[PDB]
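Reminder, nothing fancy here: chain letters follow the sequence lines and each chain counts from 1. Just follow the structure's listing: the first ligand is 1, and inside any ligand the first atom is 1.
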Amino acid sequence: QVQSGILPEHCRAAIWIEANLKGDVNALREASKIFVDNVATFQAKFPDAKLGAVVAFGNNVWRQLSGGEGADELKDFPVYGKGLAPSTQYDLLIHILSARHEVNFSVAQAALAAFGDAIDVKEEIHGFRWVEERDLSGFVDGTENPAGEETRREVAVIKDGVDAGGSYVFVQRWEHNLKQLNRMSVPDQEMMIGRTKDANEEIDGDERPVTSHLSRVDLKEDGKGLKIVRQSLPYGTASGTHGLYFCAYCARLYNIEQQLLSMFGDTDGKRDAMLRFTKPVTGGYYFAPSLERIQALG
Amino acid sequence: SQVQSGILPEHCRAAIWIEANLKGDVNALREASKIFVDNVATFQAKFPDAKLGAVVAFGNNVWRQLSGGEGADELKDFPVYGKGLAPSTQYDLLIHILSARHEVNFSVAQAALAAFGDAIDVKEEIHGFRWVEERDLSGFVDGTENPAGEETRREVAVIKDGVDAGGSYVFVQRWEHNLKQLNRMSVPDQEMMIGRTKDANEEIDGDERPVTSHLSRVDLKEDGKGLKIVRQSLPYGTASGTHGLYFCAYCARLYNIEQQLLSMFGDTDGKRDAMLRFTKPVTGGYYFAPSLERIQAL
Ligand code: HEM
Ligand code: HEM
Ligand SMILES: [Mg+2]
Ligand SMILES: [Mg+2]
């Protein structure tokens with residue numbers, strides 16, 4: 001029932017396509033069915049790829065396609081920090097991930113064929129897992145991410161109601177200034193992230209700055225962590241633009257927003273220390289329906 | 001005389017090519033090249049399962065200065081062929097990294113950039129990927145008649161004796177495929193354009209294909225002896241944006257490559273390669289890849 005791209009762990013490669021609707025919103029109905037059917041066919045042709053994909057929709061298009069039912073939390077991505085985190089809300093998100101980039105590429109071509117000239121691609125980003133699953137900063141990325149299908153479902157997949165089997169998705173492309181990073185001592189970098197670099201051990205929350213990344217995003221409400229399922233990957237070229245393509249799924253948009261309010265100064269006036277070397281340049285919220293809901297579009 | 005490690009490996013899944021001009025004193029390339037090949041050895045030691053190789057190669061002007069004009073008798077700036085049908089974008093430095101792991105290639109690319117630093121101006125960085133069934137993005141298998149096995153590939157690509165023993169000539173040319181234009185062609189028309197059948201990759205007899213077919217352009221014999229080259233080309237690009245083939249070939253004789261270019265681009269018999277109906281080259285350069293010992297003697 002859940003779209004196949006939310007739950008797989010440890011993908012080696014991904015493709016994200018962000019697009020605006022140029023034509024009739026009804027063109028997205030048949031296109032989405034064709035695409036998720038294509039994904040199933042590719043899974044059968046390439047069983048070792050552990051392929052999955054997600055089609056997700058921006059607020060205005062999803063309100064139209066759903067007749068206003070459900071997706072109670074969905075909204076256009078606002079700026080956070082009054083503009084520190086920009087807003088680039090689009091109509092359509094396609095997320096493809098697997099162990100084999102060459103399979104992802106074929107699936108992306110299938111997606112473009114399905115939607116045709118109804119969509120205007122705003123960016124297409126090819127993510128790759130780097131050495132030791134580290135972000136390009138050199139810090140391991142993923143350690144506290146929900147692990148195993150059971151917990152990942154609990155965090156990311158809506159349990160009941162009209163949206164059962166769906167998920168909220170957030171995507172935000174960051175551009176790393178690695179020269180600025182390399183000007184910082186390793187201890188300074190470690191206090192910026194909140195974990196040690198080589199060994200990847202958490203620095204005690206009582207002993208690290210409240211601006212450290214972990215202090216910004218490891219949030220609890222009455223002892224209950226506001227968890228999300230991250231699917232982020234490095235992207236780019238060594239000599240040109242490079243960074244992290246951040247992607248997160250959650251059964252509640254709330255959990256993602258609270259982390260963004262924290263990181264970008266809205267909650268307590270303090271900003272994530274990572275902004276000293278990297279910055280976000282896109283941002284969008286999308287709703288990923290269940291597969292049954294996609295099939296019911298037309 | 002040891003060959004650089006990136007010339008001979010077969011069926012690499014991923015590559016990075018960096019093309020750059022010299023910004024500073026050519027003498028800066030001496031230590032930088034020695035650092036780079038040492039870095040390559042380090043990454044081979046750290047990631048034995050990547051089966052990494054790399055090549056540093058030099059354009060005519062730079063190499064004439066670094067070598068004092070000795071050897072590399074065939075090296076020259078890449079000319080335009082076909083009066084401009086093949087454009088010329090001769091740069092000073094080529095770095096070619098290939099392996100089983102794109103993420104290791106990326107680290108090696110970063111090492112190259114750190115070693116050469118501001119002595120170079122990067123003109124393009126291209127990330128190649130092997131596609132399904134080793135097909136070019138046109139859908140045709142690419143590599144079938146490439147020299148196979150270390151012994152034959154050495155014979156074709158690696159200079160055997162003299163001052164340049166262990167070295168090789170390199171040609172790189174980036175192509176931009178118009179897949180929409182390709183898909184307007186019937187499969188039989190496409191097969192007459194290439195000279196092999198599409199699905200089964202059977203060679204079409206030379207008396208059964210047009211003289212403009214790719215194979216008729218490049219499968220050249222002189223007194224019965226084929227003018228062989230070692231191709232390392234890979235697909236590159238995004239599904240929605242620029243995509244094509246990054247063509248790369250190694251040969252102990254630049255002559256073999258040039259004869260094929262004169263054929264493809266109309267200079268030999270007034271006919272040109274049928275592939276120009278859907279794809280076009282947008283860069284072109286010749287480089288000399290010295291032996292590893294010669295790099296140590298820089
Ligand atoms: C440049 C952008 C980012 C980079 C390089 C980055 C990197 C990291 C690293 C190195 C960790 C520690 C290891 C781990 O547990 O995964 C981490 C953790 C985490 N990140 Fe980020 N991150 C970025 C952006 C974001 C954003 C935008 C959000 C949320 C809106 C976020 C949410 C989280 C969460 C929830 C954790 C787990 C914290 C914990 O419970 O310990 N990250 N990230
Ligand atoms: C868009 C650019 C190109 C594409 C898509 C392409 C594709 C192909 C394909 C599909 C084959 C047949 C399978 C094989 O034997 O590998 C082939 C063969 C070959 N290509 Fe190309 N190629 C391109 C450019 C070039 C260039 C620029 C050269 C030479 C300068 C070249 C030289 C060769 C050679 C020598 C062969 C082997 C021919 C034989 O002996 O049968 N190719 N190529
Ligand atoms: Mg924690
Ligand atoms: Mg032949």
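Taking every non-hydrogen atom of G142(A) and a distance limit under 4.0 Å, the qualifying atoms of ligand 1 come out as 13 (C), 14 (C), 16 (O). Against a heavy-atom cut-off of under 4.0 Å, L260(A) is close to the following atoms of ligand 1: 30 (C). If you number the atoms of ligand 1 from 1 as listed, the ones under 4.0 Å from a heavy atom of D218(A) come out as 39 (C), 40 (O), 41 (O). The contact set between ligand 1 and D135(A), taken as ligand atoms under 4.0 Å from a residue heavy atom, comprises 5 (C). Contact atoms of ligand 1 toward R195(A): 12 (C), 13 (C) (distance under 4.0 Å to a heavy atom of the residue). Within ligand 1, the atoms closer than 4.0 Å to a non-hydrogen atom of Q172(A) are 27 (C), numbered from 1 in the order shown.
Counting only distance, with no hydrogens or angles, the side chain of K159(A) and the backbone of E154(A) share a donor-acceptor pair below 3.5 Å. The backbone N or O of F246(A) sits nowhere less than 3.5 Å from a side-chain atom of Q172(A) that would complete a donor-acceptor pair. Between the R272(B) side chain and the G266(B) main chain, no donor and acceptor come within less than 3.5 Å of each other. A donor-acceptor distance shorter than 3.5 angstrom exists from the side chain of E125(B) to the backbone of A238(A), with no hydrogens or angles considered. Formation of a donor-acceptor pair under 3.5 Å by the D91(A) side chain with backbone atoms of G58(A) is not found in this model. A donor-acceptor pair under 3.5 Å is absent between the side-chain atoms of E103(B) and the main chain of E133(A), judged by distance alone. Of the possible polar contacts, one joining the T197(B) side chain to the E202(B) backbone as a donor-acceptor pair under 3.5 Å is found. Put simply, the side chain of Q189(A) gets close to the backbone of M184(A): a donor and an acceptor are under 3.5 Å apart. Between the side chain of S167(A) and the main chain of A156(A), a donor-acceptor pair closer than 3.5 Å is present.
Using cut-offs of 30° and 60° for the angle between ring planes, the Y235(A) and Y245(A) rings count as perpendicular.
The number of heavy-atom neighbours closer than 6.0 Å to NZ of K270(A), taken from other residues, nucleotides and ligands shown, is 12 or below.
At a heavy-atom distance under 4.0 Å, no atom of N200(A) approaches ligand 1. At a 4.0 Å heavy-atom cut-off, ligand 1 does not touch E202(A) at all. Contacts between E144(A) and ligand 1, counted as non-hydrogen atom pairs separated by less than 4.0 Å, involve both the backbone and the side chain.
The heavy atom nearest to atom 11 (C) of ligand 1, out of those in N255(A), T143(A), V140(A), is found in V140(A). In the candidate list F139(A), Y80(A), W174(A), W174(A) is nearest to atom 1 (C) of ligand 1, counting heavy atoms. Between atom 4 (C) of ligand 1 and the options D272(A), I193(A), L244(A), the minimum heavy-atom separation is to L244(A).
The salt bridge (charged side-chain N to carboxylate O under 4.0 Å, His left out) contacts involving residues 220-234 of chain A comprise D141(A)-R230(A), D218(A)-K220(A), where partners must be two or more places apart or lie in separate chains.
Shown are the protein N/O/S atoms under 2.8 Å from the Mg ion (ligand 4), given by residue and atom: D219(B) OD2.
Annotation: salt bridge (charged side-chain N to carboxylate O under 4.0 Å, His left out) contacts of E175(A) (sequence neighbours excluded): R173(A).
No hydrogens or angles considered: a donor-acceptor pair under 3.5 Å links the side chains of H95(A) and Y249(A).
Heavy atoms of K227(A) come nearer than 4.0 angstrom to ligand 1 in no pair at all. Assignment of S137(A) to the shell around ligand 1 is not supported, since no heavy atom sits closer than 4.0 Å. Distances shorter than 4.0 angstrom occur between a heavy atom of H176(A) and an atom of ligand 1.
Nearest protein neighbour of atom 29 (C) of ligand 1, counting heavy atoms only, is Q259(A) OE1, 3.2 Å.
Legend: protein N/O/S atoms lying under 2.8 Å from atom 21 (Fe) of ligand 1, waters omitted, number 1.
Taking CG of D273(B) as the start and OG of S216(B) as the end, the distance is 9.5 Å to the nearest 0.5 Å.
Residues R216(A) and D268(A) are paired through a salt bridge, judged by an N-O separation under 4.0 Å between the basic side chain and the carboxylate.
Among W62(A), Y285(A), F287(A), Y168(A), the single residue meeting the ring-ring contact (aromatic ring centres under 6.0 Å, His included) criterion with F57(A) is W62(A).
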